[PDB]
Every structure is written in C-alpha cells, then in structure tokens.
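Participant: Sharing a structure here in structure tokens format.
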Amino acid sequence: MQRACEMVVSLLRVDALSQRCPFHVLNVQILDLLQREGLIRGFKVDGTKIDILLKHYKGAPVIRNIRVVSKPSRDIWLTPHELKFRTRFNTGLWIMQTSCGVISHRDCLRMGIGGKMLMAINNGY
Amino acid sequence: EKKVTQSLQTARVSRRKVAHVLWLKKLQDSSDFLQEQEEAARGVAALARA
Amino acid sequence: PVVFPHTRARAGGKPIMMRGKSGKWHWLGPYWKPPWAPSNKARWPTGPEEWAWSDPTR
Amino acid sequence: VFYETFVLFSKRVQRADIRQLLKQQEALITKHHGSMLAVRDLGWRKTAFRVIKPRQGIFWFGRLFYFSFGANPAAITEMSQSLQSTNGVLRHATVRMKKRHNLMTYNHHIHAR
Amino acid sequence: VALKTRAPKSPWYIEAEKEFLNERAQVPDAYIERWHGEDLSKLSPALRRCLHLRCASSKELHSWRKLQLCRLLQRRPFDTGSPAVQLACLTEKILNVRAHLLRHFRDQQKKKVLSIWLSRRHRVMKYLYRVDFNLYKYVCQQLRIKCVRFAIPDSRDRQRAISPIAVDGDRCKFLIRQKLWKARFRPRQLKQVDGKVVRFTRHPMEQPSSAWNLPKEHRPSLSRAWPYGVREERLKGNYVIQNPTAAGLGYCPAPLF
Amino acid sequence: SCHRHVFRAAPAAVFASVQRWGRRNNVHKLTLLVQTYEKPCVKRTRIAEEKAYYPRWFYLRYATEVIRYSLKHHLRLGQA
Amino acid sequence: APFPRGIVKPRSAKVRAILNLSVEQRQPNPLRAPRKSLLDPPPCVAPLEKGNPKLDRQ
RNA sequence: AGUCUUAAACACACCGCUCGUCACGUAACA
RNA sequence: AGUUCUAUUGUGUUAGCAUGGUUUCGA
RNA sequence: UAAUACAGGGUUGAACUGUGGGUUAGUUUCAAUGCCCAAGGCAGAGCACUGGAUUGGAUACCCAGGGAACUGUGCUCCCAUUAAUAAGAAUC
RNA sequence: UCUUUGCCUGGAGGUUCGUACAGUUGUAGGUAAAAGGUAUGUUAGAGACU
RNA sequence: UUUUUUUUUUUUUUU
RNA sequence: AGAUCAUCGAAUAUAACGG
RNA sequence: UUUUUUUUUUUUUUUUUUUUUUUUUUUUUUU
RNA sequence: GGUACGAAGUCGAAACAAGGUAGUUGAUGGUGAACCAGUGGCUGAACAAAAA
C-alpha cells in the first residue's frame, strides 16, 4: 500500500517525458484505469521499475492536481448513498477499490456497491 | 546445480594454497642457520649409536 | 531471478570527535564511507596512474 | 609468526660479545616454541649525527647486524627489554616479517635499474 | 552524610573471573590454515614448529575454534550463511570480545559494539524457531545454551522480560541477575573499619543456586493458588518453561559489564 | 637551519634571500605564537579560517600575471 | 596540512561568507525548483538616488 | 578635507540609545 | 542486509625507546 | 600521530543465505569543564591574597610573588549538548 | 508523495533510610508590542585613496 | 647594570 | 443473554498470596 | 643578564590527507 | 529576603562600534551599584594575514 502513494510524486512533473516507478502488483492495475480516461500516454514494466510516459497539451500537462485520500495508516470508506454527496458537480476522477476489482467512481454508483476511495485525479476542493 | 559449484570452489581454494607452499619453500632454501643446525643434529645421532 | 535492494540503514552512528584539548574520536574515524555515497568509479575517474603500483600487498 | 630484528653495535664490541648475545637470545626462542631462521651481517654503517647515549659515551659509527627468527607473539616484549639492559647495543628495532618485502627472498636488483 | 562508592567484589566473583580466562588461553594440539600433513611433509622438522598452534597468534587461534564448531553444524561443505552455522559463529565472537574487555578496561569504544552482537544473535533465534523447531533444540544442547521459545509476545515488565545478556547462563555464572537499587531497593549505609561512613551504589553480587528457573515436584491441593487443582504433568515435574531466563519477582537482570 | 655563503655579491643582496626563507617555513609565525599562551578554543576557529582565505589568494595572484603579460603584448582573445 | 581539532558549524549568512570558500548561488535543482528565466517579472523596487527618489518623466 | 568598503540594539539618527545600588508611595501571592 | 576466507589500516587500549620548546648543572 | 601485542569499523573478489526489516520504555553503556572524596609532589602556568601606580576623582586593564584547581576503571550530565536545522522509502 | 518517535503555543512572574526518597511550565498584582529580516540614511579614537 | 612599561616603579647582581 | 474509548483536580507506584 | 659544554627530572598534534570536480547533487515565495 | 506598578532624587558609565582594551554561557571565588579573576565550549568574532 505504501508503494501506491509513491506514484504521485513521479507522475506529477512538468519538465519531463518519462519517469520511473517501483514495481508493484497494485500499481499495475491503477495505470490501466488512468490510460482508459486518456491521462497516461503509456507505461512499460522495466523489471524492478516501471517506466511511465507523461502526456502534455499546449505545454501544460494533462494532470494538474493529485490528492491522496487513502493512506497506509487508515482506511476511508463511503456508502453508495454517501459517495454521491462527496462527488457532485465536478469532473474529477476518483479511484474506487471494490470487491470486484478496481473501477472508477462513476461505475461504483452504477453497481451500488460500497467501494473505497484511494486517490483523486483532476480534483479541486 | 548447487553441487556443481561445490567442485569449482574446491579447485579455486586448491590453487590459492598451492602458491602459498612456494613462498615457504623459499625461506628454507634461503635460510643458512636452519640447515647448519639440522645438519649437525643428524651427525651426532649416528655417532652415539655407533 | 528478481531481487530488490535492501535498506541503507546500518548499525552504529555518525563519526564524532571528542571535545576539549584532547583530540580523539568517539565512534568512527575520518575513513568512514556513508551508505549514501556514490560509486567509487565516478568519484575517482582518473584511476591508477602509470607510475602507481599494481600490487598493494604490503 | 616470523619476526625480524636489526641491531646496531658499537666500535667497542668484539666478536666474543656478539656470539654470547646471540646465544642468550636463542634461549627465549626455544622457550616459546620457536626456531631461528638465519643470521647475517651487514658490516659497518655511517651515522648521520653523533649518538650521545648516557653512561656509554659518544660514537660516530657502528656495526649493523640482522637476524631472523620465529616464536610466539608474546616473546617480542621479553626480547626487546633484554637488548636495552645489555651494553654495546646503542639502538635496535624489531620489524615484522612481510610476505613480499623481506631481506630473504627479495635482495637483488634494488639500486640498479 | 554517606559517600557513594563502588561495592566490594565478592570472593566467588574473583575466583570465577580468573577461571574464565584460563579456558580461553588453552592451546590444543592441532593446525592452522588447514595445513594438513600433505603439504607439511614438504617442510623441514624445524620449520614445522612455527606452524603449530602453540606458535600461532590470537587471530589464528580464534579462527581455528570457529572451523571446528562450524563443521559440527555444517549442512554442506563451504556453507556458512545457514542459520545453524551463524548461531555458533556469533557465540564464539561474543566470548572473544568479553575476554578482551577483562584485560583491557579503558577501551570504552568497544562497549557499544558488544551490545550490537548480543542483540543480533537474539533475532537469529526468533527466525530459526519458526522455520525449524526440532533443529533449534538440538543446537542448544551441543552448545549448552539456554533454549527459549517464542510463542507469545514478551511483557513490558523488566522483572519477567527476556535478557540477551544472560543467554549463556550455563557457561557464565556471574551475569545472571542482580538486585534492584532504584527507589526503595537501595542499600542501607554502613561503616567500614576506617573511621568513615560510605554507601554502595550497587548491591553485592551474590552466588545464585543451581536450581534457577527449573522444574520441581508439586503437591496436589485446592486453595487460592490452585482453584482448579494441579495438573498431572506438574506433579511429575517435566513441564517445559517458556521463559527460563526470567529474573523473577524482586530481581533485575545483570549489567552489560 | 639555513646557511649561505657570500661570494662576489654585496651583503644587501645576500641578506634579501635569507629573509624570504623564513616565510616559506613560517619561522616568524611560529616564534610569536609560542611566546604567548593561546587558548585551545581560539585555535579551533583560526585553523579553519586560514583554509578559505589562502586558497583564494593563489587564484587572484595568477590573474594579475596574465594582465601584466598581456599588457606588454596587446591583442585579445575572443569567441573565434 | 594542519591537524584540526574540531569544526565550526555556523548558521548566519554573515560569518558563513568568511569561513566558507564561497557562497555563490548555484543553479537551482530542476527536481525541486523551476529553471530561472529572463521572462519573469522584475522585483518591485523603487528608484533611489542618494536617498532622493526620482519619479518624474520629462 | 571629499569619496569608496564593512559593522550597527540609533532613524525627533551620538546633545542618540540603555543598565544597576540606595530613598519615598500603592498592592497580590501572607 | 548478514556469516566464512583473502588484500588493505594517521579507529580503541598499551609498559621501556628516538627527537624537541621550556627548565636544570659547571673537574 | 614511526616499532610491537589484543580486538573493531570501511572498500573490492568468491562461496553461503533466500524477506533477515523502519521507529523504539516500566530499559541499558559512554559522555568536555567545574565541585566532594581519594591518590598525590621536586617542571611550564595562576583565582583568592597590601605589593608600586593611577585619572578630567576613584581602581581588578599594564609587571612580579602567590599552599585551590590540571593524569582517576569511582561519584556524575547542569550548558551555546560534540560532524549543520529530519531516524526511514521514492523521483536523478 | 508515504511510515513511526519526541517537543511548543504573544512577551512576562511567585514567603522569611523522615533537614530523607519521589515529583514540578501552568489556579496571580500587572501589559499591548516583543521580534526575524531587504533597502535607505546617519555614526563610528574601523580599512584604503584623488 | 639587568628585566619590564605608552612612561615609571617594585625585584635581582656587588670587584 | 453478548458487546459497549472514560474525564477533571499539576504531580509524587509497584501491591496482595505460598516455601 | 649574554655565550659555550657532556648523560638529572616533568610534558607530548611542529612537519605528514585538500583547487569541495556527479545532471554541481539540494536550504527556506516576498522586501 | 525576593517580585509588580506609578512618580522621581542621588551615586556610577555596564551593553552598542576593537575605546569598559571580545563577550555570552556551565560550575566556583570575590566585590556598596555596571558585575570582575581563572578553566571548558560556542560565534551571536573584530584587526592582521604566503609563490621558486
């Protein structure tokens, strides 16, 4: 779980093209969801470290703000009816860790199952 | 495969010990008093018995 | 095989020199390499000189 | 392990004394489970500065001697103290025998080339 | 007013201290650097004396002991990283430093190094206990080391916690435990035959009995101590002690030195 | 110790050589320090300060040499 | 070289410019700070001349 | 005498700034 | 990371020695 | 801080091992100077102390004498408290 | 970006094994600015030169 | 006379 | 019938059972 | 008080490692 | 004994900047008041300061 929070520092760079990241089982699954939304150009497992590319548009990067909700020292859980109040009138991306794999916040409400808020992408206050 | 490395280790140490014996042999040869005292010792041994 | 590096933390502490007019070391001496130092190849790119000895077996 | 000792005699030292001195030393060697290696001589040596030793006088030169031996490491202290009490010996030192650098196996082609 | 001074040394403490050094100075009839007779045959009789252990130094003498002990617990030739070999190697290193501290007492820098090795050896036993239980008991018997099991977390109380210093209780009889001197367990002042009054900061080191934390035969009964009686195994006197290195109530572990 | 012999040279010229000899060995600096007792704390800071000023002096001394050398020769280097 | 018996650990920029060899500002680390450029706004400082400001355009 | 460099607890800027013993008066922990 | 072996040692302890400022002596 | 004895740490080569760890009390060593006690002495230095200077009205600044303090297996950590103002992991 | 230990809340103040052990910042008579610092000016029996 | 101080004194040597 | 943070008064800690 | 000579006693940091040379590799927005 | 506030008199020139001939600090000694002498540590340290 500790290695998951170490990906925000590397992926949050302006003047860079590719950054390394420690190899982890959970980290690989997270990158898949981000690529679908069009946030990561691509990634490759280089053995002990994973090389992840950075996407840019008109100079500025596609990622501008990263918020870590879940931490190794504690665990944030929200009911299906409570996640909607938290996440409303926004374009942000919340990573939800449900029993049936990992999915975004939009899919969590559709199934109505209780997920787990891991991190936030392109989120304001 | 571990047993294969066991034979290699024995050969490696064997060569190292071989070079050590050569150094000690030099000392013996180079030593004069060692030989002189040794030589004398032997002579007396036979004279006493005879 | 895949193996990850180990923690750089080690036992002991940093070098300390005793105070007062009696100059003496407490734990470690000047010849102490920290665990976060760079590789020796980069620190001494010149390497042994032509007039250097090729056998340090003193 | 092996050991080396360099003893610098004086002008007032005859061949009689040298034999006696070495015989005494051998006693200690044997005591501690040891054996003598070899004994050699270096002849006379010129001194850079005058040597003023108390109750001995003043000397400008002496006879340099060298002898190798081997005994227990604890025998170095006993040997060192014996030399100092004995007359004639004005200066001495004990040097451990090394593998490569030695006066036995390495004595040729030093100054030449 | 009493003066704080060091306590006198007990008569038995001095006698045991000298005996320990005598054992460490013993020189058996053997050879160093694995100088088997095969190579020694090429040397002269005179020269062979020098190579004997009697003519060897402390470094060579200490190294020889490690080889003999390693072979006793050697799984395969040229293998020293196994926990069984490491357990014996560390034991010899601790005694080597302890003997040096007796002759040299002004070397305060090495005092901290000894603690590192003592703690390091303790962690080795914990790992070996969970991976192999049968082997953990066999190694203790050969080395006469107090076997201790790790099945429950250790309590925070010092009167019943573990003590890495007293691990080798069988081999060391003067580093088992001592008395408390913190607030109420302090010693009372006394007057020597000197026309003066002094006080000891530390209590005297008494000689403990041989039955320190050992099983004993119990008697069946029904009282406060045994609300449900006494088990059958307890009566025979064969139960296994989980923490044999416990100092017990009203006692403290011995100091590091 | 230093010894010099006068041979076909004026006393003033010879005396100028021995005077500079002490500067290399710091004869004057050591003579005055031993006269007065200096506290150990002062030497702790003085020894460190001398390790930053003296190195800087050597670099500036070389720069002055180029100015004098180039003045008598004119010319100037550029990004050619 | 001389054998120092200790070391100085200053904290103020006043004496730090004397004991240390130099106090020149090195290039900022790209991994912590951005690269400086001439396009940044200038500092807000008023013009002064011997204590008398000059804020006239003739 | 006019500038340059450095230091500063002052900027009604050295006729600056600031501390201590003793004398008198009003009070809370007595 | 740790154990063994090998090369390396102005790091801890250590009684006699050599040299030297000061001091002391005058067949 | 040349020689010698005991035992540590760091760099490189081979073998072995195959997750052994980060922080750390109801815990344990060491720790400049000063003071009590003790051991001490015949050198180089000096607090207190009548021993030769003060003032434009008061003094320890400048010489000299001077019985405390200066080597401890001890009692013992008050400080401007001993190699920066973080003990670890990730981005070069 | 993440794990764990320790510590502080403007400045400021206190009666006139038993004389031992343990333990301590806090219950006021009073106050509204203590203070880090970039720059300018001024002073300097503090360094240099027309 | 020597020593010392910005200057001076105290102190020490006696053909 | 099961589970079900304690807080203030500054603080001062090891106690009760059997040989 | 100066110079010279020949052996008493206490004490032990003057000489001997260095242009701080890794992507310079790190110290805190503003005046 | 010691401390707070208001007013304000006498006796002194300690801090500032090398004038008090550097100045705060740990433990002692001493002095009508600035505090002063010695040892340890620090800079929150002023002046001066290398070629053959």
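Just so you know, all these numbers are worked out from the coordinates, no wet-lab data involved. We place every Cβ from the backbone using ideal geometry, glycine too, and count neighbours over all the protein chains shown.
Participant: Filtering the range F:29-55 down to residues that are among the charged types (D, E, K, R) and more than 17 Å from G:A1 (Cα to Cα), which residue is nearest to RNA strand O (Cβ to nearest atom)?
Facilitator: F:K39
Participant: In addition: Which of the residues belonging to the range G:1-56 are closer than 27 Å to F:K51 by Cα, of a type in the set (K, R) and away from chain C (no Cβ under 14 Å)?
Facilitator: G:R11, G:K14, G:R16, G:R26
Participant: Residues that are β-branched (V, I, T) and more than 16 Å from RNA strand I (Cβ to nearest atom): which helices (runs of 4 or more DSSP H) entirely in the range A:1-105 hold 2 or more of them?
Facilitator: In the range A:1-105, the matching helices (runs of 4 or more DSSP H) lie at A:7-11, A:25-37.
Participant: Within the group B:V18, B:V13, B:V44, which residue is closer than 30 Å to D:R40 by Cα, surrounded by 10 or more Cβ atoms within 10 Å (Cβ to Cβ) and more than 10 Å from chain D (Cβ to nearest Cβ)?
Facilitator: Among B:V18, B:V13, B:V44, only B:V18 is closer than 30 Å to D:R40 by Cα, surrounded by 10 or more Cβ atoms within 10 Å (Cβ to Cβ) and more than 10 Å from chain D (Cβ to nearest Cβ).
Participant: Of all residues in the range D:66-105, which are in a loop (DSSP other than H, G, I, E, B) and at the interface with chain B (Cβ under 10 Å from one of its Cβ atoms)?
Facilitator: D:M97, D:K99, D:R100, D:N102, D:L103, D:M104, D:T105
Participant: Another question about this same structure. Regarding the range C:35-49, can at least one residue be identified that is within 14 Å of another protein chain (Cβ to nearest Cβ), of a type in the set (D, E), farther than 30 Å from F:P40 by Cβ and away from RNA strand K (no atom under 16 Å from the Cβ)?
Facilitator: No, there is no match, as no residue in the range C:35-49 is within 14 Å of another protein chain (Cβ to nearest Cβ), of a type in the set (D, E), farther than 30 Å from F:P40 by Cβ and away from RNA strand K (no atom under 16 Å from the Cβ).
Participant: If you go through the range A:1-44 one residue at a time, how many are surrounded by 15 or more Cβ atoms within 10 Å (Cβ to Cβ) and either within 16 Å of RNA strand M (Cβ to nearest atom) or within 13 Å of another protein chain (Cβ to nearest Cβ) (or both)?
Facilitator: 8
Let's see how each residue does on (1) within 16 Å of RNA strand I (Cβ to nearest atom); (2) in a loop (DSSP other than H, G, I, E, B):
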residue	(1), (2)
G:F3	yes, yes
G:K14	no, no
G:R26	no, yes
G:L38	no, yes
G:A46	no, yes
G:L55	no, yes
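Participant: Still on this structure: Is it the case, given these coordinates, that D:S35 is away from RNA strand J (no atom under 16 Å from the Cβ), hydroxyl-bearing (S, T, Y) and within 14 Å of chain E (Cβ to nearest Cβ)?
Facilitator: Taking the combined requirement at face value, the residue satisfies it.
Participant: Checking the structure you have, find out if any residue of the range E:155-165 is surrounded by 17 or more Cβ atoms within 10 Å (Cβ to Cβ) and more than 26 Å from E:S209 (Cα to Cα).
Facilitator: no
Participant: Look through G:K54, G:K36, G:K50 and report the one residue that is more than 16 Å from RNA strand J (Cβ to nearest atom) and touching a strand residue (DSSP E or B) at 6+ places or on another chain (Cβ under 9 Å).
Facilitator: G:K54
Participant: Here is a list: E:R34, E:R49. Which entry is within 14 Å of another protein chain (Cβ to nearest Cβ) and touching a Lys or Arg at 6+ places or on another chain (Cβ under 9 Å)?
Facilitator: From the options E:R34, E:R49, the qualifying one is E:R34.
Participant: Mind listing whichever residues of the range D:94-113 are away from RNA strand J (no atom under 15 Å from the Cβ), surrounded by 10 or more Cβ atoms within 10 Å (Cβ to Cβ) and of a type in the set (V, I, T)?
Facilitator: Once the filter is applied, which keeps residues that are away from RNA strand J (no atom under 15 Å from the Cβ), surrounded by 10 or more Cβ atoms within 10 Å (Cβ to Cβ) and of a type in the set (V, I, T), the range D:94-113 yields only D:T105.
A quick yes/no check of all residues on (1) exposed (fewer than 10 other Cβ atoms within 10 Å of the Cβ); (2) hydrophobic (A, V, I, L, M, F, W, C); (3) closer than 29 Å to E:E15 by Cα:
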| site | (1), (2), (3) |
| --- | --- |
| E:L190 | no, yes, yes |
| E:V193 | yes, yes, yes |
| E:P204 | no, no, yes |
| E:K216 | yes, no, no |
| E:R224 | yes, no, no |
| E:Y228 | yes, no, no |
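Participant: Related question: Residue check: is E:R54 in a helix (DSSP H, G or I) and within 14 Å of chain D (Cβ to nearest Cβ)?
Facilitator: Answer is yes for this residue.
Participant: Which of the residues spanning the range D:53-81 are within 16 Å of RNA strand N (Cβ to nearest atom) and free of Cβ contacts under 8 Å to residues at least 12 places away in the same chain?
Facilitator: Passing the criteria: D:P54, D:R55, D:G57, D:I58.
Participant: Looking at (1) aliphatic (A, V, I, L, M); (2) within 29 Å of D:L28 (Cβ to Cβ); (3) out of contact with any helix residue (DSSP H, G or I) (no Cβ under 9 Å at 6 or more places or on another chain), which one does E:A46 not meet, given that it meets all the others?
Facilitator: (3)
Participant: Mind checking which residues of the range E:163-186 are assigned to a loop (DSSP other than H, G, I, E, B) and within 16 Å of RNA strand M (Cβ to nearest atom)?
Facilitator: E:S163, E:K179, E:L180, E:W181, E:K182, E:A183, E:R184, E:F185, E:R186
Participant: Taking the range C:22-58, which residues are within 7 Å of RNA strand J (Cβ to nearest atom) and either in contact with a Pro (Cβ under 9 Å, 6 or more places away or on another chain) or part of a strand (DSSP E or B) (or both)?
Facilitator: C:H26, C:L28, C:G29, C:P30, C:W32
Participant: Test F:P11 against the stated conditions and say whether it is exposed (fewer than 10 other Cβ atoms within 10 Å of the Cβ) and either over 30 Å from C:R19 (Cβ atoms) or within 14 Å of chain C (Cβ to nearest Cβ) (or both).
Facilitator: So F:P11 fits the description; yes.
Participant: Just to be sure, is D:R100 farther than 21 Å from E:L51 by Cβ and among the charged types (D, E, K, R)?
Facilitator: The answer is no for D:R100.
Participant: Shifting gears a bit: Restricting attention to the range D:26-65, and to residues there that are part of a strand (DSSP E or B) and of a type in the set (D, E, K, R), which single residue is farthest from E:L53 (Cα to Cα)?
Facilitator: Filtering the range D:26-65 for residues that are part of a strand (DSSP E or B) and of a type in the set (D, E, K, R), the one farthest from E:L53 (Cα to Cα) comes out as D:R50.
Participant: Could you pull out every one of the helices (runs of 4 or more DSSP H) wholly within chain F that has 3 or more residues that are within 16 Å of RNA strand I (Cβ to nearest atom), out of contact with any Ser or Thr (no Cβ under 8 Å at 6 or more places or on another chain) and not basic (K, R)?
Facilitator: Per the criteria, F:27-35.
Participant: Looking at the structure I just gave you, is B:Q37 among the polar types (S, T, N, Q), within 16 Å of D:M104 (Cα to Cα), facing another protein chain (nearest Cβ under 9 Å) and surrounded by 10 or more Cβ atoms within 10 Å (Cβ to Cβ)?
Facilitator: no
Participant: Would you mention how many residues in the range A:51-88 are under 16 Å from the mean Cα position of the chain (by Cα) and among the basic types (K, R)?
Facilitator: 4
Participant: I need every pair where a residue in the range G:1-24 that is under 19 Å from F:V42 (Cβ atoms) and more than 7 Å from RNA strand O (Cβ to nearest atom) has its Cβ under 8 Å from the Cβ of a residue that is among the charged types (D, E, K, R) and part of a loop (DSSP other than H, G, I, E, B), sequence separation at least 6 or different chains.
Facilitator: Here the result reads G:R5/C:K21, each pair linking the range G:1-24 to a residue that is among the charged types (D, E, K, R) and part of a loop (DSSP other than H, G, I, E, B).
Participant: Does D:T86 satisfy the condition of being touching a residue at least 40 places away in the same chain (Cβ under 8 Å), out of contact with any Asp or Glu (no Cβ under 8 Å at 6 or more places or on another chain) and within 22 Å of D:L21 (Cβ to Cβ)?
Facilitator: For D:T86, the condition - touching a residue at least 40 places away in the same chain (Cβ under 8 Å), out of contact with any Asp or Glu (no Cβ under 8 Å at 6 or more places or on another chain) and within 22 Å of D:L21 (Cβ to Cβ) - is met.
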